[PDB]
Amino acid sequence: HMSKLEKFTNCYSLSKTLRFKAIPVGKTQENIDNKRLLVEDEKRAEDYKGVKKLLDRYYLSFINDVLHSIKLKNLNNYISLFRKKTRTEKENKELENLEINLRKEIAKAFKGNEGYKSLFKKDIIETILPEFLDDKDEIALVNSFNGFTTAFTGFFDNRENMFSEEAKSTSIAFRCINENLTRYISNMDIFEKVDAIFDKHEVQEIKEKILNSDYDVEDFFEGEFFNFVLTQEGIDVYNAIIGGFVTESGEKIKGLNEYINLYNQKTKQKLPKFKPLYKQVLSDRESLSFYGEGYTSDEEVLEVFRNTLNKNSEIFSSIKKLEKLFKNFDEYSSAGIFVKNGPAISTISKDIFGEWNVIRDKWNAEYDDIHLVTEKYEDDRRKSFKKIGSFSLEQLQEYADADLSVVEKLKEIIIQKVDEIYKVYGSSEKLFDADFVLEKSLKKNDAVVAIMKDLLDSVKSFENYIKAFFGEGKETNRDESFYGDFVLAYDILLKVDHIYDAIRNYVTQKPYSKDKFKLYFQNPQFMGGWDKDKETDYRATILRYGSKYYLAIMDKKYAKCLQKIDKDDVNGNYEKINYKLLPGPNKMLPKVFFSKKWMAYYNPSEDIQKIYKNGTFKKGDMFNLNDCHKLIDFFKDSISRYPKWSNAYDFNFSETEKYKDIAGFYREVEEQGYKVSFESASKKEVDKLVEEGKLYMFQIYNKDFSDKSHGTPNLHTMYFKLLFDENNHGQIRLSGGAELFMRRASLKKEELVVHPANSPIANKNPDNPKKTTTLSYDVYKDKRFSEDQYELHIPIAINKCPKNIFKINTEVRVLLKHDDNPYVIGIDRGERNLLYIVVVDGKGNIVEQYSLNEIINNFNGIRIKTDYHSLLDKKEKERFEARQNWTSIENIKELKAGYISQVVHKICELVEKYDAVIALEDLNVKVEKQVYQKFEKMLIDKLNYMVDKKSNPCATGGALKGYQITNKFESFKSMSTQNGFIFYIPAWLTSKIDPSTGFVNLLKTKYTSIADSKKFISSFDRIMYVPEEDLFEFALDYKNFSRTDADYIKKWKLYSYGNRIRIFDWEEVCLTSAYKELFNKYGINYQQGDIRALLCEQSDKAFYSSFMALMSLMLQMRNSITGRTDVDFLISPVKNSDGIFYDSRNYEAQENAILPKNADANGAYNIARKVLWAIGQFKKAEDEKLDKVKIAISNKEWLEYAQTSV
RNA sequence: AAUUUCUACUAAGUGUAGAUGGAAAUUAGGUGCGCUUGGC
DNA sequence: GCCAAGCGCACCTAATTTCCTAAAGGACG
DNA sequence: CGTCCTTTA
Ligand SMILES: [Mg+2]
Ligand SMILES: [Mg+2]
Ligand code: NA
Ligand code: NA
Ligand code: NA
C-alpha cells in the first residue's frame, strides 16, 4: 500500500511571502540618486503615517458620535438568557441570534450614516478630512496625497474591519458585545455575591470622587446601564470603580477590587474579583490617575542627579542628620520611639532577629502565657495582635534574648547603611564634579547609569529602614526631641522618591531606531500586479538572464520604454516575463459582463439579469440548478466574445450540464485563468534603457544565487525558482502585491567586529576537529546592516486550486482505523526538559525516546550538539538582570524561534520516517521560560504545507507536493482537540504514574488532624515490617479511601523501597530508615507484626505529622532537583507481576530502553498511549460514525488502560 | 563569523545546515521597578 | 524573606483581522 | 482622445 501521509497533498490553499535582497545594476543607483527618489519615498512614509493619524482623529470622532447615541434594544433579553443556567440547545441558538442582532445593531448604527461610503474612498482625503481639520499645516499634509489616495487602500480595509458586524477580532461590534458585554455581565454576577462587603462610606467615596456624585455604584452592575460603557470615556469610569485612581496629591483612592482583596486577606476568604473592561477600538484617553512630569533630556537627568544627590545637597544632610539621631539614641526615651505594626515591624524583626515573624512569635508566646489549641484560639490571638498599633523600642527590648541589645543593633544597622552610601560615593565623585561631561547617551551609557542606580539604590535602602521608625503617629507618649527632628529629616529624604522614578523612567528607554520604508517610484499602485496588460500601469516587471532574476522598473516618464523592445535576433537577450491572471472569477466575470461597457456591446437576456440580480444560482434559499446552468452559459458565450481572455487562456470547459453549482464553473476559470511564460528582449537595448535612466534594474538576490554558492539552497529559493519552472503545473503561483523597501544602514562598517584576512579564526564547535579557519578575505559581524539595502517581498499562492478536498480530521481517523501498526509521537513539556519525545508503535512499544534540551546535527561526518536549554536560560538571566539593572534588554523570541525550528525539523523527520501521528498535552511553567506555545504555532504552520527539501519538487512531499496534515491555520481560537495528525489529550497523571503497573497516588497525605491521621492509618488493610526484605509494607484497598473511584485495580501493596528527594532546599531520604528512625523516636515496636493499632495509640501530634510526611514521600514517584537534568527519576512504591520495583534509573543507563528513562520521558510515553487508546476507539466504531468518537480518555478509562496493558 | 531574515555555524573558502508569511491595522499579555493599602 | 489588590513608568511578546487584482470607471489636461 | 488615478466585482 501507501502511507497515510500520501493522501494529504493538494488539500487547501495558503499564501506565503518570499523575501529577497534587491541589488541595483549598472547606472540604476546613480540614477536613483540623481532623481532623488529615496528621499522622496522616505519623506512620503513619514507624511503617510501623519495622514493616517489625522484620518484616525476623524474616525474616532465618528465612532464617538455614533456610540454616544446608541441604546441597545436586545439588551435585557440577552442578559437574562446569557445568565440562565438551564439553557436548552434551542435556547443556546436563541442567545446566539440575540448576540448577532446586538452586533448588527452597532454595525448598522455606523453603516447607516450618510457618507459612510465616503470614509474609505478618495473623498475622505480630498474633501471630508480638510473640512473637519483646522490647522493649516495639517490640512496641507492631507492635501499632498491628492492623486495618491490609492496608496491608502489597505489602510481603508483595516478601518472597514472596525465597522464589521462579524464576530471578528478587529471589530468594534465584537469588542462591545463579545468581549466587554460578556465581562460586564460576569461582573454583575460577581457584584451580587460580593455586594454585602462594601460599607456605606467606601461606596460613597467612589460615588463622590469617581462618579462626581452623578450615579450610584450599583448603577454600573445593572443590565440597562451597559450603554454608558460603549465609549472609552465610560469604560474609564467603570474601570475606576473597579480599580480606583491616584489623586493629584498621590493618595491612592481605592476601587472595589482593593476592598475585595482587603476583605479576603482580613477574613482568610476567597471572594472573586471584578474583571476590568477592555479599551474601545481606536481610542486613546488620558489615565484618570495623576502621574508627575518626567525628565526629558540626558542633560536634565544629569542636572537633577548632581543637584539633588551631591554631598552639599539637602537630601545628603538629612541622612547624616538621621545618623546623628540614631548615634545618640541614649539621649532619647526608648518608650517614646515607635515601630508601627505591620511591614515596619516585619522589617525591624528581620533586621534584629533574622526573620520577619520573630516579633509576632515572641508576642504570641506572651499572649499564650495569659490565655493558654483551637482554630478559635489562633484567630482570637490574630485579632488581638492586629489591634495593636505600634511597638515601642522599650517593648522590643523585652523580647530580645539576654545577650542582644535592641537599641545597639539599630545603631549598628544605620551605621552599616550610611557606610554603604559612602562606599557608593567613592565611585561617584567623578560623575559629580563640575568638569564632567558625558561621552555616550544615558540610554546607551551603561557605566554612568550604574553609578546613578547604585547611589539611588543605597539611598532608597536607607529610606525604607528609616520609615520603620515613624510609628503609627498618634501614640500619646512619643519623644518629640527625637520626632520633631526625625520628621524634619525624613520628610526631605522622601524627595528621592520622585527623583528615583523619574530617572528610572528616562534612562530605561530604548533609543529610537529607524524603520525601512516602502518605495513607490511615484506610483500610488506601484508593482500592484504582474499581468502584461497592466505593466504600463504598475511600471514593474520581472526579467531573467541565465540563472539570474531581475526586478525591472520603468521610470514614470518612460512607462512604455520596455514594451517597445523587440527580441535581438543575433546578440544576447533577456527573458522578459509574460504573466496573465484572471483573478477571482466569482467577482471578475460579473464585473465585466454586467458592466455598462459590456452590456452595451452584448446584451444578456432579461432572464439572465433576474437570475443574477436575485441569486437563483448562489446555492442558497433561492438556488435553482437550471438557472445556475443558464447563467454559466451566458458567461461562457460572453467569454468567447471577450478576446482579452479567450486568446490568453484557451479555455476548455466541461459541458454546462455537468456542473452541480456555480463554483464548479468558477473553479475551472480560476484554474485556467493563469499563464506564465517568457519572451525575449534585446539585452543591448534593455541595458541602454538602464544607462539613460529610463529603466531601473535590480537583481533579485539571496545567497543561493551567488556564483560561490554550492550547497543545498533555502526552501524559499526553491519556491522562487519553481514559480518559473515548466514542471510547476499551477501548484505554486506568483502573486500580486509585491513590495520593495529601503532599509538604511544601522551599523557603521568601521565599528563592526572584523576577523582580518589571513589570520586564523577560532572555530567554536568543540566537536569540530578543525580548530581554526583561515580565510583570504575579511569577515565582518552583521555586515548586512552596515550598508543600505533594498529588500523585495514577493507573495506566492500554494495550491490555489486544490483537488484533494475532504475533512482532514475525518480522513486521519479513517486511515488510523484501518492501520495495523500506527506510530504515535508523544511530545511532553517536562520539568527538566523543554521538550521530551517518545515514539511508540501500535502496541505501545517504545521505539525512540530522547530529550530536546539539546539538538544534535551531523554534516560532513562532523557532529554539532547545541545546548539550547542552556542558551535560553542564559538569555533569560540576561533579560532578568537587565530589567533589575536598567541596562539593555536583549531579545529572546529569535533564539526560541531558532531552537524550535530545529525541533520542528526533527519532528517532521519522525512523522515521515514512522508515518506517525502526534500526541500533545491539551493545555486548555513560568512565562519567560515558556517555549511550548511558539512550538505549537511553528509546528502547525509547517504541517499546513510540509516539504522535505531533499525530495524532488515533483515527488510526494517535495516542494510542489507538500503534505497538508494540519487544518489551515486560522487561529488558536478555532481549534479543537484534533488538528489533523496532532491530537491534544488530557495530561492527567501521565508523568506521576508507574508505567510498569499503572499505579497512581490517589491518597490525600497532607497532615491535618490527629484523628484524621488515625483514620488514615486505620484504612490500610495492614501495615507491617517485612524482615526478609528490610522493607515496610502498606497493604491498601483504594475503596477504603476518599476520592478513589478512578483507580481500577484498587488493591495495592506499597513498600518503603528506595530513596526520595524531599523539597523545602532538598535532601535525600531513605524511606525504610526514615520510618525506622520515626518509630524508634516514639518507642513503637514496628516489628510487632501489624503495627497499625500500635501507631494509632500515639498522642503526640508530631508523630502523625512526621508519619504523614513519610507517607507523602513514599507516594512521590517523581523525584527531581531543580536545575538537574540528571536527577529526574521515577520510582514506584509498588511491585510488578514479577516482584520488581520500577526505577527509571535502571532504564536511563541503557542505550535502548523498553520503559521510560525518566519522569519527563514517562510523560511523553503516556501522552502517546492516550492517543493509542483513541486509535483503539476509532477501531471499535464504524466508518460513517468515526468523527463522533470522543478522543478524550476519561480518568477512569486511563487508569484501566494503563493498569491492563501490562 | 558573512545571511531575505532567524538560529547554530565556518562546513574547506566570499560561504554551510535547518527554519522562514509578509504588509498594514487593531488589541491583548508578560517581565521588572516605584508608590498606596493589606496578608504570610 | 515571600505575596495580594490597585496606580504608574520602562521594556518585550504575540493573537487576530484584512489584502496579496485585472479592468471598469473617470478626472483631467 | 490619451493618460493616470480610482473604484469595482
Ligand atoms: Mg545552503
Ligand atoms: Mg548569529
Ligand atoms: Na497570516
Ligand atoms: Na499593555
Ligand atoms: Na506590570
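The analysis underlying the following values was restricted to heavy atoms, covering all of them including side chains, and did not include hydrogens, waters or symmetry mates. Letters A, B, ... mirror the listed sequences (proteins, then strands); counts begin at 1.
Side-chain proximity of A/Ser595 to B/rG13, C/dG25, C/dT18: nearest is C/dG25. When the nucleotides B/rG13, B/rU37, C/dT21 are ranked by their closest atom to the side chain of A/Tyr538, C/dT21 comes out on top.
Residue whose closest nucleotide on RNA chain B sits further toward the 5' end, between A/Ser346 and A/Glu739: A/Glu739. Each of A/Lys973 and A/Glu126 has a nearest nucleotide on DNA chain C; the 5'-most of these lies closest to A/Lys973. Along RNA chain B, the nucleotide closest to A/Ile761 and the one closest to A/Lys708 are compared, and the more 5′ of them pairs with A/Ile761.
Between the side chain of A/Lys893 and the base of C/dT13, no donor-acceptor pair of N or O atoms lies under 3.5 Å. Interface remark: the A/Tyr899 side chain does not form any donor-acceptor pair with the B/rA19 base, using a distance-only criterion of under 3.5 Å. A/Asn257 contributes no side-chain N or O that forms a donor-acceptor pair with the base of C/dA5 under 3.5 Å. Donor-acceptor pairing under 3.5 Å, judged by distance alone, is present between the side chain of A/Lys534 and the base of C/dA23. Taking 3.5 Å as the limit, the base of B/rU4 and the side chain of A/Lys21 contain no donor-acceptor pair of atoms between them.
Going from atom CD1 of A/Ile125 over to atom CG of A/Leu55 covers 5.5 Å, rounded to the nearest 0.5 Å. To the nearest 0.5 angstrom, A/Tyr719 atom OH is 12.5 Å from A/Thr17 atom OG1. Remark: A/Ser735 OG to A/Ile798 CD1 distance equals 9.5 Å, nearest 0.5 Å.
North is the pucker assigned to the sugar of B/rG18, its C1'-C2'-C3'-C4' torsion being positive. C/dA14 has a negative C1'-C2'-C3'-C4' torsion, placing its sugar in the south range. The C1'-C2'-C3'-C4' dihedral of C/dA10 is positive. Its furanose therefore counts as north. Sugar conformation, B/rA11: south. The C1'-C2'-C3'-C4' torsion carries a negative sign.
The ring of A/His716 lies on top of the base of B/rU20, close enough and flat enough: under 5.5 Å between centres, under 30° between planes. Where stacking is scored as ring centres under 5.5 Å apart with planes under 30°, A/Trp356 registers as stacked on the base of C/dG1.
Residue-level contact check: A/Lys122 touches the backbone only, with heavy atoms under 4.0 Å from sugar-phosphate atoms and none from bases. Among the heavy atoms of the strands lying under 4.0 Å from A/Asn891 are primed sugar atoms or P, OP1, OP2 only; no base atom is included. A/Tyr777 comes within contact range of at least one nucleobase, with a heavy-atom separation under 4.0 Å.
The aromatic rings of A/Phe155 and A/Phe152 stand perpendicular to each other, their planes meeting at an angle above 60°, with 30° marking the opposite boundary.
A cation-pi contact, defined as under 6.0 Å to the ring centre and within 45° of the axis, is absent between A/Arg159 and A/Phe120.
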